[PDB]
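S.K.: what shape does this take:
(4 chains, ligands or ions: 12)
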Amino acid sequence: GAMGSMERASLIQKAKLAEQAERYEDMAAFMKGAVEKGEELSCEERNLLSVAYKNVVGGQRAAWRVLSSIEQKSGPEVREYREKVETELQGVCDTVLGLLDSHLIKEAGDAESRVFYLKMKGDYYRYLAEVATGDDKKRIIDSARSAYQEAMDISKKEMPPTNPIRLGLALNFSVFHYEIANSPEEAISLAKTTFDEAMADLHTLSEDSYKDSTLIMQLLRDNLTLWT
Amino acid sequence: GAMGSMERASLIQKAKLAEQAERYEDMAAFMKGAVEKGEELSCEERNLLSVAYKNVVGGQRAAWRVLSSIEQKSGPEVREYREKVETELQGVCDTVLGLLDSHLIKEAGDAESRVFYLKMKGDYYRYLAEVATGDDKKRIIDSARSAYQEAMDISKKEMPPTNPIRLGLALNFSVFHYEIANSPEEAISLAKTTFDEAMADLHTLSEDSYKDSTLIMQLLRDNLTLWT
Amino acid sequence: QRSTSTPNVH
Amino acid sequence: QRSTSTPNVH
Ligand SMILES: *CC(=O)NCC1CCN(S(=O)(=O)c2ccc(C(F)(F)F)c(F)c2)CC1
Ligand SMILES: *CC(=O)NCC1CCN(S(=O)(=O)c2ccc(C(F)(F)F)c(F)c2)CC1
Ligand SMILES: [Cl-]
Ligand SMILES: [Cl-]
Ligand SMILES: [Cl-]
Ligand SMILES: [Cl-]
Ligand SMILES: [Mg+2]
Ligand SMILES: [Mg+2]
Ligand SMILES: [Mg+2]
Ligand SMILES: [Mg+2]
Ligand SMILES: [Mg+2]
Ligand SMILES: [Mg+2]
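M.R.: Residues are numbered from 1 along each chain as shown, chains lettered A, B, ... in the order given. Ligands and ions are numbered 1, 2, ... in the order given. Pasting the structure now:
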């Protein structure tokens, strides 16, 4: 790859510069290079990888929704341009999923790390499901559900109910239920038990991550208000 | 080019979709294609071209200033990454300047259009001067000054003092004086006479552009307050 | 309003 | 504060 000649530490350092410069494509390229050195990622490095690709794919999703709305509210130009953005978004999702499957998801390592990568697999299949249609679609929805569910099982076994990976996973799985799988009840049921169990075991908040935890709890509460 | 097979009207229509989707690289590519059909641009199309490339180059300039500050406040990684962003910014400026010289700046046409393209030439040489150093630098500063000055002469001859191209040009020329040429007095003198002459001939505000005019007048006043 | 998912913050 | 130039708005 383009990054193959650069030392892993320099790739990590440049990803941090790119984050500061808000060059998120560059940051994602740097972290792809770092992953491809074949060593596992630390929590800080996982955060870099997450932030980079989510920023890239988030702008693609927002563009896609703008074009998709113009297309629905209606020449071939809008469909053509929407299809171009769609194709680029699927390319980024395939890249992330390839990294997860080629390099990041392994049998061992941190349960923290295993849950995060499985959640990230679920997320990027969900982003593909937002733009999918045919035989592609139910296939994609099932890979998303499967990855989320495997992450759920590990997280409930190995992490306290306020842990931010566990919380963010449960929040995202419930969005999958509501927006992708058309299961409003499951989404409400998961978000409720997730919030309630976090509160019941509030004492497990961690000194170095409690602000992340309480933020997700609030977002769960926001979805429940919107869904009820 | 990549756009050569697409009709000019479809390129314009897709540039407008890209603006709405905030895909400004795409929008700039579409407008480059449209320029390369070799017909002149209308005011609306010129606005598309201006907005697209300014958005692309503005994010590059902001990234460059972030990296450049980290570099000054201090391994080869920061310089290397700053040089990569610099090179990309110069590539975008060379592209704009090539379009202006190959296609857009002509002897005839709208004095409105001639002033705008000469101003745009001055701007993108100024963006190159922000990152230049050697024999490159004074050469670049002189091309910027020359293009601005030619635009000034035409604008004072052919446009009322509230016209927004005339105003925006004068505002940008005065920034060149202050930030690039190290001429604080010229910058203050130009901004003052520009504001005062706009106010003295306030009756020339146009129904379809007066909000642009009054916005530039305020920005002139802001620079004068900062510079005094 | 779309549902809210995990935000892209630190 | 840097000087302000023509903004990129309509
Ligand atoms: C130790 C470790 O793995 N750290 C890196 C990852 C932590 C979990 N997240 S996440 O689940 O995507 C996530 C992202 C944002 C937030 C917050 F704070 F709410 F904004 C969160 F709680 C969880 C990825 C990095
Ligand atoms: C008729 C015509 O040429 N229209 C398009 C151009 C007008 C001038 N500008 S500009 O000089 O770059 C400019 C940009 C923004 C503003 C405003 F409104 F203040 F934000 C302005 F006054 C002038 C380019 C498009
Ligand atoms: Cl297209
Ligand atoms: Cl189990
Ligand atoms: Cl680099
Ligand atoms: Cl003259
Ligand atoms: Mg290495
Ligand atoms: Mg019809
Ligand atoms: Mg398609
Ligand atoms: Mg044509
Ligand atoms: Mg030292
Ligand atoms: Mg260089």
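S.K.: let me see the contact set for residue 3.
M.R.: Using chain A here. Applying Cβ atoms under 8 Å, 6 or more residues apart in numbering or on different chains, we find residue A:3 in contact with A:11, A:29, A:30, A:32, A:33, A:34, A:36. C-beta coordinates here come from the backbone N, C-alpha and C atoms, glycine included.
S.K.: wait, chain C
M.R.: A:174, A:175, A:178, A:179, A:187, A:223, A:226, A:227.
S.K.: can you pick the most crowded of the residues you listed?
M.R.: residue A:174 (27 neighbours; other Cβ atoms under 10 Å in any protein chain shown).
S.K.: isn't it right next to residue A:192, touching?
M.R.: No. Residue A:174 lies out of contact with residue A:192 (Cβ atoms under 8 Å); the separation is 9.1 Å.
S.K.: buried only: go through the contacts of residue A:3 for me.
M.R.: Using 16 or more other Cβ atoms under 10 Å in any protein chain shown as the burial test, the contacts of residue A:3 include A:11, A:29, A:30, A:32, A:33, A:34, A:36 as buried.
S.K.: which strands and helices sit next to the helix or strand encompassing residue A:145?
M.R.: Using DSSP states H and E, residue A:145 maps to helix A:135-158. Here helix A:135-158 touches helix A:111-131, helix A:164-175, going by 3 or more Cβ pairs under 8 Å, 6 or more residues apart in numbering or on different chains; DSSP states H and E.
S.K.: among the ones you listed, which is nearest ligand 7?
M.R.: Of all the helices and strands packed on helix A:135-158, it is helix A:111-131 that lies closest to ligand 7, at 19.9 Å by Cβ to the ion.
S.K.: so which residue of chain C comes closest to ligand 10?
M.R.: For chain C, Cβ to the ion, closest residue to ligand 10: residue C:2, 38.2 Å.
S.K.: next up, the contacts around the closest residue to that residue other than its chain neighbours.
M.R.: Leaving aside its sequence neighbours, residue C:2 sits nearest to residue A:179 (Cβ to Cβ, 6 or more residues apart in numbering or on different chains; 7.1 Å). For residue A:179, the contacting residues are A:130, C:2, C:3, by Cβ under 8 Å, 6+ apart.
S.K.: which one of these is nearest to chain B?
M.R.: residue A:130 (15.4 Å; Cβ to the nearest Cβ).
S.K.: and the residue in chain C that ligand 2 sits nearest to, how many residues sit next to it?
M.R.: Proximity of chain C to ligand 2 (Cβ to the nearest ligand atom) peaks at residue C:8, 30.2 Å away. Residue C:8: 14 surrounding residues under other Cβ under 10 Å.
S.K.: so it makes contact with residue A:58?
M.R.: Yes. Using Cβ under 8 Å, residue C:8 is in contact with residue A:58, at 6.4 Å.
S.K.: residue numbers of chain A in contact with ligand 7?
M.R.: A:7, A:8, A:37 (Cβ under 5 Å from the ion).
S.K.: quick one, which of the residues you listed are buried?
M.R.: The neighbour-count test (16+ other Cβ under 10 Å) applied to these identifies residue A:8 as buried.
S.K.: turn the residues of chain A next to ligand 7 into JSON lines, including secondary structure and distance to residue A:200.
M.R.: Below are these laid out as JSON lines (DSSP: H, G, I helix; E, B strand; the rest coil; distance: Cβ to Cβ, whole Å):
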{"residue": "A:7", "secondary structure": "coil", "distance to residue A:200": "47"}
{"residue": "A:8", "secondary structure": "helix", "distance to residue A:200": "42"}
{"residue": "A:37", "secondary structure": "coil", "distance to residue A:200": "42"}
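S.K.: now do the contacts for the residue in chain A that ligand 10 sits nearest to.
M.R.: Ranking the residues of chain A by distance to ligand 10 (Cβ to the ion) places residue A:77 first, at 13.2 Å. Counting by Cβ under 8 Å, 6+ apart, residue A:77 touches B:10, B:13, B:14, B:17.
S.K.: nearest to ligand 5: which residue in chain A?
M.R.: With Cβ to the ion, the shortest gap between chain A and ligand 5 falls at residue A:14, namely 5.7 Å.
S.K.: sorry, back to before: JSON lines for the contacts of residue A:3, including distance to ligand 3 and secondary structure?
M.R.: Shown next, in JSON lines, are the contacts of residue A:3 (distance: Cβ to the ion, whole Å; DSSP: H, G, I helix; E, B strand; the rest coil):
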{"residue": "A:11", "distance to ligand 3": "33", "secondary structure": "helix"}
{"residue": "A:29", "distance to ligand 3": "24", "secondary structure": "helix"}
{"residue": "A:30", "distance to ligand 3": "29", "secondary structure": "helix"}
{"residue": "A:32", "distance to ligand 3": "26", "secondary structure": "helix"}
{"residue": "A:33", "distance to ligand 3": "30", "secondary structure": "helix"}
{"residue": "A:34", "distance to ligand 3": "33", "secondary structure": "helix"}
{"residue": "A:36", "distance to ligand 3": "31", "secondary structure": "coil"}
